[PDB]
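Here you get one chain, nothing else, as structure tokens; it is the form deposited in one PDB entry.
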């Protein structure tokens, strides 16, 4: 009866994902909201950075919109989505709030507002596929994604965003429009207001310089930025002050405003409506169509269904992915070398060779391809490269069988006359 967080996407110990359809259906398919267009707000990013903490202040705003003091009473504990200190991850999978909010757009549109809290990336229990799936899904479902970052916007942040969004793209319909809508770079604990002011305007100037594409820029840097711009219709940045050392280090801290830095609260009171004001709420769109709560449930099911199978390629650790590419490239190089040299010997316009001599040449050329494959430095491991070396040897054996038949025909076809 009382409102609370609802586990909607479950991530199990075996790294499998399961959707709680009953709960999702309960919330988004009720008669009161099912036919309404939907605004979905999500927060995502690294674990332990205050994502759920933030969402709970968004809840205070949603519940007390017409009040000037929505931020709460100063002795009131912060509740909603579960948050706490400690070095271990808290939120898992994807949670939504059980109460859908009905908000009047300035035109008169009665839209429904969904709030989505997510499992943090880069925890020690999770595989990269786990983190990417949760990040992609929230981005594919939300119309406003708050990318929660610590201290700065680093190049590895941009490359992770790129990886995660591209993974989302893969499971989506082909489209001629931008795949996603609003992205907010929220920088927590910004330490340089004297370089860029706290808030949206300092954020805007900061992010502008961060994502700017220039002709002098190395292609690797250009491309990640181009990808990001291509993915989102609106991109903004908000620079938030540190909430104070007590918020971060006191195990008894409760979310009470009286224990939070004043300049934080001041910028917080600007941040939330800036994200969530009736003016700012963009209705979810997928490939050119405004999605209702009913439609969102459908896409949520279809998307997770794709991530549950093996139709998509999955993201892998940095060393593992480079390693595969290293080996796949080496296998192709070694095989093409063997092949080119065999054609010089038993191509169609070359004379028939005695079988034993063909075999002797094959064995020499094969061994040279094996040596070539082995001499290329690859990440990561001669033991990672075993499966690929073995594939190379067997694929070359298969090619040689074709070459025997080709060689034999030069003798056979002539005998038949």
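Positions refer to the first chain, counted from 1. Throughout, rigid core stands for the largest set of C-alpha atoms superposing within 1.5 Å between the two forms.
This protein has a second form, the form deposited in another entry, left out of what is shown; the following refers to that one.
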With the rigid core superposed, which of 234, 98, 79, 280 has its C-alpha shift by 2 Å or more between the shown form and the other one? 79
Does superposing the core leave residue 61 with a CA shift of 2 Å or more between the shown form and the other one? no
C-alpha of residue 177: shift of 2 angstroms or more between the shown form and the other one, rigid core aligned? no
Per-residue C-alpha change between the shown form and the other one, residue 383, threshold 2 Å, rigid core fit: yes
Answer with closer or farther for the CA-CA spacing of residue 322 and residue 179 in the other entry compared to the shown form; it moves by 3 Å or more. farther
Given a CA distance change of at least 3 Å, are residue 84 and residue 58 closer or farther in the other entry? closer
